[PDB]
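Down below is the structure, laid out as structure tokens.
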Amino acid sequence: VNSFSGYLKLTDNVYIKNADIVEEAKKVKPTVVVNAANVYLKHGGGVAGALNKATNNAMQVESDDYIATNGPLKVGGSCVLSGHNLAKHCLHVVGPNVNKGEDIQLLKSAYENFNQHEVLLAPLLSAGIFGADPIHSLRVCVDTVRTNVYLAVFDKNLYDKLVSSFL
Ligand SMILES: C[C@@H]1CN(c2ncnc3[nH]c4ccccc4c23)C[C@@H](CO)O1
């Protein structure tokens, strides 16, 4: 039993809710919140900008030190950093950004990072300002992630479409 509340069950291991991931993280304080990161960990907008703002920019400060030491992530890759006031840990995962021309096949590699964590609160990778089809992102998630994932979808219209079209 865990503390996630109000989710619709899509599969054995995938759950979904119309929610603001920032507000959901503040309430649940999950072990892991996933950030929709880019390779530079520049958290300017979308989910990343929202999560960083909620940490009062501490996420960005920590991220800048990470990049200065380690260099950029790979598209499809991830790193574990602090969750600050939102979670124990933040798993920064880089989905392909269609608006940069990145290969959508890398979306599966991105979701594979979730399998290193037993339970996660997450957004749909590559959705929103990353330009992929969220219906496709949900399908890849369900077909790739085997650990327990609680998906927060900010847009109610999109949430209803994701549920109604789910096979
Ligand atoms: C695939 C993404 C998912 N994004 C979200 N998902 C869940 N909670 C969220 N809170 C936010 C606050 C500000 C901006 C974005 C979000 C957001 C929306 C959109 C952004 O590119 O597309």
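Here, A, B, ... name the chains of the structure tokens in the order displayed, residue numbers run from 1 inside each chain, and ligands are numbered from 1 in the same displayed order.
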Let me see if you get this right: every residue at most 7 Å from ligand 1, counting only C-alpha atoms and all ligand atoms, written as a PyMOL selection string. chain A and resi 19-22+45-47+49-50+123-130+134+152-155
Could you find all residues in chain A that DSSP calls strand (DSSP E) from the backbone, and write them as an MDAnalysis selection string? chainID A and resid 8:9 14:18 32:37 78:82 89:94 119:122 148:153
Residue among A:121, A:139, A:147, A:32 lying closest to residue 5 of chain A, counting only C-alpha atoms: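 For residue 5 of chain A, the nearest of the given residues is A:121.
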Do you know which residues are at most 10 Å from residue 12 of chain A counting only C-alpha atoms, after dropping those on the same chain fewer than 3 positions away, and could you put them as a ChimeraX atom specification? /A:9,15,142,146-148
Between A:80, A:48, A:162, A:122, which is the closest to residue 138 of chain A once you count only C-alpha atoms? A:162
Give me the residues within 6 Å of segment 36-42 of chain A as number ranges by chain, counting only C-alpha atoms and dropping any in the same chain fewer than 3 places off. A: 47-48, 63, 72-73, 92-94
Emit the selected residues as a short mmCIF file (atom, residue, chain, number, x, y, z; two decimals), in the first residue's frame, including N, CA, C and O atoms.
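Result written to result_0.cif:
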```cif
data_model
loop_
_atom_site.label_atom_id
_atom_site.label_comp_id
_atom_site.auth_asym_id
_atom_site.auth_seq_id
_atom_site.Cartn_x
_atom_site.Cartn_y
_atom_site.Cartn_z
N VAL A 47 7.53 20.97 -17.49
CA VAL A 47 7.61 20.32 -16.19
C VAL A 47 8.87 20.75 -15.44
O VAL A 47 8.83 21.01 -14.24
N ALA A 48 10.01 20.79 -16.14
CA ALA A 48 11.26 21.10 -15.46
C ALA A 48 11.25 22.51 -14.87
O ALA A 48 11.69 22.73 -13.74
N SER A 63 21.98 21.23 -10.20
CA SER A 63 22.16 20.74 -11.56
C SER A 63 23.38 21.37 -12.22
O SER A 63 24.11 20.70 -12.95
N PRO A 72 27.22 16.97 -20.03
CA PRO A 72 25.80 16.73 -20.34
C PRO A 72 25.40 15.27 -20.26
O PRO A 72 26.20 14.35 -20.46
N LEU A 73 24.11 15.07 -20.01
CA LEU A 73 23.51 13.75 -20.16
C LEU A 73 23.40 13.38 -21.63
O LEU A 73 23.63 14.20 -22.52
N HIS A 92 16.18 12.81 -13.09
CA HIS A 92 16.16 13.67 -14.28
C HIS A 92 16.31 12.77 -15.49
O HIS A 92 17.35 12.14 -15.66
N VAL A 93 15.27 12.68 -16.33
CA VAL A 93 15.26 11.80 -17.49
C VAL A 93 15.12 12.65 -18.74
O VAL A 93 14.23 13.51 -18.82
N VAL A 94 15.97 12.39 -19.73
CA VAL A 94 15.96 13.13 -20.99
C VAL A 94 15.23 12.31 -22.05
O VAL A 94 15.78 11.36 -22.61
#
```
What are the closest atom pairs, with distances in Å to one decimal, for all residues of segment 10-61 of chain A lying within 7 Å of segment 81-89 of chain A? Consider only C-alpha atoms, order rows by chain and residue number, and present the result as a Markdown table.
```
| residue | atom | partner | partner_atom | distance |
| --- | --- | --- | --- | --- |
| A:25 | CA | A:86 | CA | 5.2 |
| A:26 | CA | A:86 | CA | 5.2 |
| A:29 | CA | A:87 | CA | 4.5 |
| A:30 | CA | A:87 | CA | 5.0 |
| A:31 | CA | A:88 | CA | 4.8 |
| A:32 | CA | A:89 | CA | 4.9 |
| A:33 | CA | A:87 | CA | 6.1 |
| A:55 | CA | A:85 | CA | 6.3 |
```
Please return as a ChimeraX atom specification: the residues of segment 23-110 of chain A that backbone DSSP assigns to alpha helix (DSSP H). /A:23-28,46-54,58-70,106-110
Deliver the residues from the most recent selection as a file, using N, CA and C atoms, as a compact mmCIF listing (two decimals), in the first residue's frame.
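part-v7.txt written:
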```txt
# COMPACT_ATOMS: atom_id res chain seq x y z
N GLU A 23 2.21 19.92 -7.36
CA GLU A 23 1.30 19.80 -6.22
C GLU A 23 1.25 18.36 -5.72
N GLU A 24 1.27 17.41 -6.64
CA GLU A 24 1.26 16.01 -6.24
C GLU A 24 2.54 15.66 -5.49
N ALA A 25 3.69 16.19 -5.94
CA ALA A 25 4.93 15.90 -5.22
C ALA A 25 4.92 16.52 -3.83
N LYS A 26 4.48 17.78 -3.74
CA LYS A 26 4.40 18.44 -2.43
C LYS A 26 3.53 17.66 -1.44
N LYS A 27 2.49 16.97 -1.91
CA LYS A 27 1.55 16.30 -1.01
C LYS A 27 2.01 14.90 -0.66
N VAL A 28 2.54 14.19 -1.62
CA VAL A 28 2.94 12.80 -1.41
C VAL A 28 4.36 12.70 -0.85
N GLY A 46 8.18 24.10 -19.11
CA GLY A 46 7.50 22.82 -19.02
C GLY A 46 7.54 22.30 -17.60
N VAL A 47 7.53 20.97 -17.49
CA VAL A 47 7.61 20.32 -16.19
C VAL A 47 8.87 20.75 -15.44
N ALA A 48 10.01 20.79 -16.14
CA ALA A 48 11.26 21.10 -15.46
C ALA A 48 11.25 22.51 -14.87
N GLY A 49 10.76 23.48 -15.64
CA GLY A 49 10.68 24.82 -15.11
C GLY A 49 9.78 24.91 -13.90
N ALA A 50 8.67 24.16 -13.92
CA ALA A 50 7.76 24.16 -12.79
C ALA A 50 8.39 23.51 -11.56
N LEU A 51 9.01 22.33 -11.73
CA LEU A 51 9.65 21.68 -10.58
C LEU A 51 10.75 22.57 -9.99
N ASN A 52 11.59 23.17 -10.84
CA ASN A 52 12.70 23.99 -10.35
C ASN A 52 12.18 25.21 -9.59
N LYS A 53 11.16 25.88 -10.13
CA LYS A 53 10.57 27.03 -9.45
C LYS A 53 10.08 26.65 -8.06
N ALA A 54 9.47 25.47 -7.93
CA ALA A 54 8.96 25.01 -6.64
C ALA A 54 10.08 24.76 -5.63
N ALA A 58 16.81 25.82 -6.18
CA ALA A 58 17.84 24.93 -5.64
C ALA A 58 18.13 23.77 -6.60
N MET A 59 17.10 23.28 -7.30
CA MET A 59 17.32 22.24 -8.30
C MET A 59 18.31 22.71 -9.37
N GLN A 60 18.16 23.94 -9.86
CA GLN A 60 19.07 24.46 -10.88
C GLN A 60 20.49 24.61 -10.35
N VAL A 61 20.64 25.09 -9.11
CA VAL A 61 21.97 25.24 -8.52
C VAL A 61 22.68 23.89 -8.44
N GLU A 62 21.97 22.87 -7.95
CA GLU A 62 22.54 21.53 -7.85
C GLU A 62 22.87 20.99 -9.24
N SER A 63 21.98 21.23 -10.20
CA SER A 63 22.16 20.74 -11.56
C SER A 63 23.38 21.37 -12.22
N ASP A 64 23.59 22.67 -12.00
CA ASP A 64 24.74 23.33 -12.61
C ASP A 64 26.05 22.73 -12.10
N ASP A 65 26.12 22.41 -10.81
CA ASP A 65 27.30 21.74 -10.28
C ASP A 65 27.45 20.34 -10.89
N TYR A 66 26.34 19.60 -11.06
CA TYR A 66 26.41 18.28 -11.68
C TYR A 66 27.00 18.36 -13.08
N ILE A 67 26.53 19.31 -13.89
CA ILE A 67 27.01 19.43 -15.27
C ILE A 67 28.47 19.88 -15.30
N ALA A 68 28.84 20.80 -14.42
CA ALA A 68 30.23 21.25 -14.40
C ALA A 68 31.17 20.09 -14.10
N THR A 69 30.74 19.13 -13.28
CA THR A 69 31.59 17.98 -12.96
C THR A 69 31.53 16.89 -14.02
N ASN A 70 30.34 16.59 -14.55
CA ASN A 70 30.11 15.37 -15.32
C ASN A 70 29.85 15.61 -16.80
N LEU A 106 14.29 6.86 -29.19
CA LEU A 106 14.96 7.03 -27.91
C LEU A 106 13.99 7.18 -26.76
N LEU A 107 12.69 7.34 -27.03
CA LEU A 107 11.72 7.43 -25.95
C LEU A 107 11.69 6.14 -25.13
N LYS A 108 11.81 4.98 -25.78
CA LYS A 108 11.84 3.73 -25.03
C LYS A 108 13.05 3.68 -24.10
N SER A 109 14.23 4.05 -24.61
CA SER A 109 15.42 4.11 -23.76
C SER A 109 15.21 5.03 -22.56
N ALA A 110 14.56 6.18 -22.78
CA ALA A 110 14.30 7.11 -21.69
C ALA A 110 13.45 6.46 -20.60
```
